[PDB]
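Student: What would the 3D arrangement of this be:
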Amino acid sequence: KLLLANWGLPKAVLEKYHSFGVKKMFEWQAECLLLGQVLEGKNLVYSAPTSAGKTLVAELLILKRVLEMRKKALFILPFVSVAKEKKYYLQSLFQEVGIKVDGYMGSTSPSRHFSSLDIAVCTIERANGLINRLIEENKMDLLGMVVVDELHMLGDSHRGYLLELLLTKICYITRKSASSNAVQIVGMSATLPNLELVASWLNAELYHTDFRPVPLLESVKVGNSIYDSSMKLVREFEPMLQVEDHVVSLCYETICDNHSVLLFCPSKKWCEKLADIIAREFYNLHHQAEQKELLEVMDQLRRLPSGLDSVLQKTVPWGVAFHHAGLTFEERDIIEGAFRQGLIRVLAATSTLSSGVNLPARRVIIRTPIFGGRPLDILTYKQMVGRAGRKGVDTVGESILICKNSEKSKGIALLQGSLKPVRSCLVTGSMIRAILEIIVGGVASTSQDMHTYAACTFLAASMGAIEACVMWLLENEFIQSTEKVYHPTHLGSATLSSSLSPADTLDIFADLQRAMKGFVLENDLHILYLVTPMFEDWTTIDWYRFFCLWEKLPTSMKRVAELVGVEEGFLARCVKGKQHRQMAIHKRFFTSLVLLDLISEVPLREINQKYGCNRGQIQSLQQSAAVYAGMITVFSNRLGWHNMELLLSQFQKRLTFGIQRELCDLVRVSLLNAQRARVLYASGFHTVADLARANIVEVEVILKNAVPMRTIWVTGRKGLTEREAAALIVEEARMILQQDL
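Tutor: Numbering: from 1, shown residues only. Take a look:
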């Protein structure tokens, strides 16, 4: 019984599991699976440590549900990168058996329509939109089971409220059908204290385990000594070589042990400085003053669109690297990818790596309990350390939080502390969309039945203004009042389809309708101004730098700014010598200026020297602004503005890839991001139709040139050789031509 072979799974999936090394099934997962009536369809929510293999139970459940009853399934994952990684893993797992998978990661959308799809692995922001679309045309029968991850974020978070709304909509739908269950919900979480309340809200039984494949022991240092969590001295520290912080010694213990070490840093500048220090201290500690494959990783970064960074030069050919938010989205995967293989030994990361892809390491070191001027949160601290200890390789994993003076008292509190219990975050802006998602889909019409929906949410299960909040929608024309029975309006139905927050729509509707008065078409700026999402905190603005850029703007672009509220007289003028809606317009204009250079295919390095914002915040904005163009276009489609939908139709593809209008068709191949299509375009190939018929040997030479054996890189499959990738360029083009016709 304690073997995967005894459990029922297709053969191909099983041999795929041997390919990944997972040959022993833990007792906790099997016991939780046999526990209760989970198999026959009743929902479940469970918790486990991150390194224990939380995904195994979800994968077995989705397999069994798909094979038992023919019904499509979902995969809700927090971030885009983890979503793409899980998409590729699931695809490699599911190729042979027949359950095709394809993902909805923000900007990117499937070529095939959903009813053909089976497992739609997707982020929350578009999982909610897909659920709304399915609930729209009474087509919820295809859904058979839904996977959610990290249930702890539905509380105080920017996007978890979408997850809670989607879950409560599913619960409301299945409880309406009772007038065993239509749709399964499975989930994984951290060591949540109130997970029973969460489990009871979805009438699921609770199973909580703390079992770990390898032991984990935290440690806190006091000067030149190491203290355990429970006021215990487990080891006496003694630095070997160094030239109270004694940073190199802790990593130096790992190097002589032949194991990897993860050393995260508070802020952006700390990662570069710390990475150089360890690389600098490797000059004399190992030279008295895998190389071949390490140079290949360095060779990978040489002709990346952003090139190879200066600080990355002095560290990479020594086993030391660093990885933060400011790096390019392509160098982030290379550094992470080779870390899995073990080429790099030291990483200087920020807190963003905590929530990303699994990065196993034997020793994890945290710089300060203070992260960015604020104390470290307990929730991210559990997954801060959870990566320590490789499965089946390392028998002991440890974490060494570094504290000084009086900060030790604050630091030790995290070791004995527990992550805060979840909330519901539900006037409230996250509840306005909650009732708009149900009364516009037509499932709930009578007000009394709507009151039962508020009895099905997380707020109700935890243990007035709900009825006072539909009046807020009544004021803003979102709903028409009839005999009470509520019916959606043109604005109400357009917001739901495009999946925008009703708070933002009121401004957009009055902003998009102000393009009726006057529009410019010589330059893409005004079109881009209506697709720039917001400012958030994507970068720090440079006003004097904006002044020099403001003057040098040609005549055509300056016409746009005056038309949207930006003032030539006041722009980088009063801020130097010293309005919230006015302030959010000027940043909106700067966001549109940056995006226009992105869609002009200007070098990413050149934008840094000109725009002051580095490549890390650029792709974190063009990916976020590409989703916005995909929501404005749908918003204008349902609102009956056929002319505006025409202009913004092509701007989702342009912002995602930073391409021009010419390369829109070439880029449809997944292996041509932004430069593999430009150099290919100059080779006389202007469309994907005739690129599919290209000579295989012809594309090899053209791809060799334009340089700013597995040395060429493609997202999702790590590195590749030039001969194979060039063959993949044509091979992908073969499959596109007949699959869409």
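Student: Look at the residue nearest to residue 71 when sequence neighbours are not counted and tell me its secondary structure.
Tutor: What sits nearest to residue 71 in space, not counting adjacent residues and going by CB to CB, 6 or more residues apart in numbering, is residue 144, at 2.4 Å. C-betas here are computed from N, CA, C, even on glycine. Three-state call for residue 144 (DSSP: H, G, I helix; E, B strand; the rest coil): strand.
Student: Now do residue 144: how many residues are near it, please.
Tutor: 20 (other CB atoms under 10 Å).
Student: same deal with residue 420?
Tutor: Counted with other CB under 10 Å, the neighbours of residue 420 add up to 15.
Student: again, but for residue 176
Tutor: Neighbours of residue 176 (other CB under 10 Å): 15.
Student: Surely it touches residue 443?
Tutor: Yes. Counting by CB atoms under 8 Å, residue 176 does reach residue 443; the two are 7.1 Å apart.
Student: Any buried residues in the helix or strand that contains residue 298, and which?
Tutor: Assigned by DSSP states H and E, residue 298 belongs to helix 291-302. Using 16 or more other CB atoms under 10 Å as the test for burial, helix 291-302 gives 294, 297-301.
Student: Identify the farthest-apart pair in the residues you listed.
Tutor: The largest separation in these, counting by CB to CB, is between 294 and 301 at 11.8 Å.
Student: any residues in contact with both of the two?
Tutor: residue 316 (CB atoms under 8 Å, 6 or more residues apart in numbering).
Student: about what we covered before: tell me the first helix or strand C-terminal of the helix holding residue 298.
Tutor: helix 310-313.
Student: which residues make contact with that next one from outside it?
Tutor: If you take CB under 8 Å, 6+ apart as the criterion, helix 310-313 is touched by 272, 275-276, 301, 321-322, 331.
Student: So which other helices or strands are in contact with the strand or helix carrying residue 653?
Tutor: Per DSSP H and E: residue 653 is located in helix 651-657. Counting contacts by 3 or more CB pairs under 8 Å, 6 or more residues apart in numbering; DSSP states H and E, helix 651-657 packs against helix 615-638.
Student: What number of neighbouring residues does residue 544 come out with?
Tutor: Residues near residue 544, counting by other CB under 10 Å, number 11.
Student: ranges for the helices of the stretch 101-250 of the chain?
Tutor: Under the criterion DSSP state H, counting those that start in this stretch, the stretch 101-250 of the chain contains helices at 124-136, 160-177, 195-201, 247-257.
Student: From residue 360, how far off is the closest residue to residue 21 other than its chain neighbours?
Tutor: Distances taken as CB to CB, 6+ apart place residue 392 nearest to residue 21, at 7.1 Å, with adjacent residues excluded. From residue 392 across to residue 360, the span is 10 Å (CB to CB, to the nearest Å).
Student: So for the two, which sits in the more crowded spot?
Tutor: Counted by other CB under 10 Å, residue 392 and residue 360 do not tie: residue 360 has more neighbours, with 19 against 11.
Student: Can you tell me the centre-most residue of this structure?
Tutor: Geometric centre of the chain, nearest residue: residue 79, 2.0 Å, by CA atoms, centre = their mean.
Student: okay but it is in contact with residue 355, surely?
Tutor: Yes. Counting by CB under 8 Å, residue 79 touches residue 355, with 6.4 Å between them.
Student: sorry, back to before: nearest to residue 573, of the buried residues of helix 291-302?
Tutor: Distance to residue 573, by CB to CB, is smallest for residue 301 among these, at 40.9 Å.
Student: Straight-line length of stretch 595-608, end to end?
Tutor: 13 Å (CA to CA, to the nearest Å).
Student: Contacts for that stretch next, please.
Tutor: Here stretch 595-608 makes contact (CB under 8 Å, 6+ apart) with 305-307, 328, 523-525, 528, 531-532, 557, 594, 610-611, 613-615, 618, 621-622, 625, 651, 654-655, 658-660, 674, 678.
Student: quick one: the residue in the chain sticking out farthest from the centre from residue 471, how far?
Tutor: Here the centre of the chain is the reference, and by CA atoms, centre = their mean the most remote residue is residue 483, at 44.2 Å. Distance, residue 483 to residue 471, by CB to CB: 17 Å.
Student: Then residue 305?
Tutor: From residue 305 across to residue 471, the span is 51 Å (CB to CB).
Student: neighbour count winner among those two?
Tutor: When residue 305 is set against residue 471 and neighbours are counted by other CB under 10 Å, the residue ahead is residue 305, at 20 against 11.
Student: Can you give me every residue that contacts the more buried one?
Tutor: Contacts of residue 305 (CB under 8 Å, 6+ apart): 328, 330, 603-604, 673-675, 708.
Student: one more time with 6 Å
Tutor: Residue 305 is in contact with 604, 674-675, counting by CB atoms under 6 Å, 6 or more residues apart in numbering.
Student: if we take those, which one ends up nearest to residue 106?
Tutor: Nearest to residue 106 among the contacts of residue 305, with distances taken as CB to CB, is residue 674, at 17.1 Å.
Student: List phi and psi for the nearest residue in space to the closest one that is not next to it in sequence.
Tutor: The shortest distance from residue 674 to any residue other than its chain neighbours is 5.1 Å, reached at residue 658 (CB to CB, 6+ apart). Main-chain dihedrals, residue 658, degrees, to the nearest 10: phi 60, psi 40.
Student: gap between residue 658 and residue 370?
Tutor: 37 Å.
Student: And those two? Which one has more around it.
Tutor: Legend: neighbour count by other CB under 10 Å for residue 658 and residue 370, higher for residue 658 (24 against 14).
Student: From what I see, that one and residue 675 are in contact.
Tutor: No. Residue 658 sits out of contact with residue 675 when judged by CB atoms under 6 Å, with a separation of 9.6 Å.
Student: Give me the phi and psi for the residue nearest to residue 180 when sequence neighbours are not counted.
Tutor: Take residue 180 and drop its neighbours on the chain: the residue closest to it by CB to CB, 6+ apart is residue 41, 4.7 Å away. Dihedral pair for residue 41: phi 130, psi -20, per degrees, to the nearest 10.
Student: Over to residue 46?
Tutor: Residue 46 adopts backbone torsions of phi -140, psi 160, taken as degrees, to the nearest 10.
Student: show me the contacts for it.
Tutor: Contacts of residue 46 by CB under 6 Å, 6+ apart are 32, 207.
Student: partners of it in the sheet?
Tutor: Note on residue 46: beta-bridge partners by DSSP bridges are residue 207.
Student: What helices and strands are in contact with the helix or strand containing residue 348?
Tutor: According to DSSP H and E, residue 348 maps onto strand 346-349. Strand 346-349 sits against strand 261-264, helix 268-285, strand 320-323, with contacts defined as 3 or more CB pairs under 6 Å, 6 or more residues apart in numbering; DSSP states H and E.
Student: Mind putting those into a markdown table with distance to residue 52?
Tutor: Compiled in a markdown table, the helices and strands packed on strand 346-349 are given as follows (distance: least, CB to CB, whole Å):
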| stretch | distance to residue 52 |
| --- | --- |
| strand 261-264 | 18 |
| helix 268-285 | 29 |
| strand 320-323 | 24 |
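Student: For the ones you listed, state which one has the densest average packing.
Tutor: Among the helices and strands packed on strand 346-349, strand 320-323 has the highest mean neighbour count (mean count of other CB atoms under 10 Å), at a mean of 27.
Student: Convert the C-alpha atoms of that strand to CSV, please.
Tutor: Listed next in CSV are the C-alpha coordinates belonging to strand 320-323 (Å, rounded to 0.1, in the frame of the first residue of the first chain):
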residue,chain,number,x,y,z
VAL,A,320,28.9,32.8,-6.7
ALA,A,321,25.9,34.7,-8.1
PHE,A,322,23.0,36.9,-7.0
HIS,A,323,19.3,37.1,-7.9
